[PDB]
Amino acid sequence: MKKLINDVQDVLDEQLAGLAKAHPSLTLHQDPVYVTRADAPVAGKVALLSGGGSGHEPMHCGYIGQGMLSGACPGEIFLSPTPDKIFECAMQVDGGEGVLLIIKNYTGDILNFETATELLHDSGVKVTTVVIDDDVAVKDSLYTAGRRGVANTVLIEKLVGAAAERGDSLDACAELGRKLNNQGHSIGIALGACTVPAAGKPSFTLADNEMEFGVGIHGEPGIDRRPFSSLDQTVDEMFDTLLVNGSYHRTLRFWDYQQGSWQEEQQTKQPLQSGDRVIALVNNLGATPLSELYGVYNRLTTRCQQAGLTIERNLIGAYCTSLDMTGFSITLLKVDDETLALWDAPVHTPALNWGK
C-alpha cells in the first residue's frame, strides 16, 4: 500500500507546498493552483507555458525558469488542469510578446487547453499552440485521439524554451515547436504498473515476466503484453518500433490568432534514417534504478550506430515519469546545428540546470 503520503486527498497540496518551499525562484498560486517564475511577468520575452496532470514530476513544474517554461499548470494526478487555471497562469506570465502553450496530445489536455486559448484570445492576448505527439506506440488510445504526447515534450520545452529566451518571436517559437514535434520519436515499456494514490490499486496488473510494450505515461495499454526476455531485446524491439512506426501522416491544429480560429494543418513525420543526428533521452518512468538506465543507454548507442544515427547529446534519468511505474522510455530527437546551438544554451530550472 506503499506510498509516502498523508491524507489521500492532500497529496498534491503537500507536494506543491514543498515544491514551493524547495525553490524560492518559483511561485505557487492559491485559488487556483498554478506555478510561475517568481519574477513573472517577464517583460520583453515570449512567455512560454505548459501543463497537464500531475504524476509525471518533474514534468511540467520541474522545468520552470530561465531558458524554459515561464509557468506550468498541474492538474490533479493524471488529469488535465481546467481552463480557469491555464487562463490565469497564462495571464500571470504574459510578458508582452504573447504566450505560447505547449500541449500534450490527450483528449483532456487538448479540450481544456483549447478552451483556455480561446478564453485568452477573447481577452486580447496574443497566443498560439504546439501539440506534442511523439509516442509511436498505438493510435487513438484510452485518453488520446491519435498519438500520445510523452517525453519529447521536455526536449521541446528546452529547445523552444531557449529560442524564447534569446528573443525569437511568437511565430518563430511556434514553428520551432512544430518542426521539432515532427522530428522526435518516443516509446515506453513497463514491468510494473503505477498506482494512483486515490485509486488504492495498481492501474493494470502484469503477469510474471511480462511487459506492457508501448505503455503510455498514464498507465495506458500499449501495443501488447509479451515476455520480458532481456534488457537487450527490449531495447532492440523498442528501437525497431521507433524506426518502423516512424513514418506518420496526420492532421494537427494550431491556433491562428490573426483569424481567431483553429486551423487544420496536415503534416508529416519522416522515419529516422541512416545519416541522421539525434538527441537521445533514456527516461525513467518512475521507479527504475538509475543504474539500469545506463544498461539501456548502452544497447541504445549500439543500435543507433548499427543504423547510422549519431547521438550528439543525451539525458539519462527521471524526466517524464509516471507515478511509481517500473519501466522507461527512449526518445530520439533529430537535430541539426541550430538545434544543438539551442540545446547548449543556458537553462536554470530545478530539473535541468546547465549554462552560464
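Quick note: we count residues from 1 along the sequence shown, nothing fancier.
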Margin query: Tell me which stretch, 106-114 or 238-246, has the higher mean Cα B-factor listed in the entry.
Written below: 238-246
Check: Looking at the entry, does 47-55 or 306-314 show the higher mean C-alpha B-factor?
Finding: 306-314
Notebook entry, point to check: From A207, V154, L101, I217, can you pick the one with the highest C-alpha B factor in the entry?
Noted result: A207
Margin query: Just to confirm, going by the entry's C-alpha B-factors, which of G188, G75, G95, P83 comes out highest?
Written below: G95
Notebook entry, point to check: Ranked by Cα temperature factor within the chain, is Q263 in the lowest third, the middle third or the highest third?
Noted result: highest
Next item on the list: Within this chain's modelled residues, let me know which third the CA B factor of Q273 belongs to: lowest, middle or highest.
Entry: highest
Next item on the list: Could you look up the Cα B-factor of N284 in the entry and say which third of the chain it sits in: lowest, middle or highest?
Entry: lowest
Checklist line | Chain-wide C-alpha B factor ranking for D256, given as lowest, middle or highest third | finding: highest
Notebook entry, point to check: What third of its chain, lowest, middle or highest, does the C-alpha temperature factor of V125 fall into?
Noted result: middle
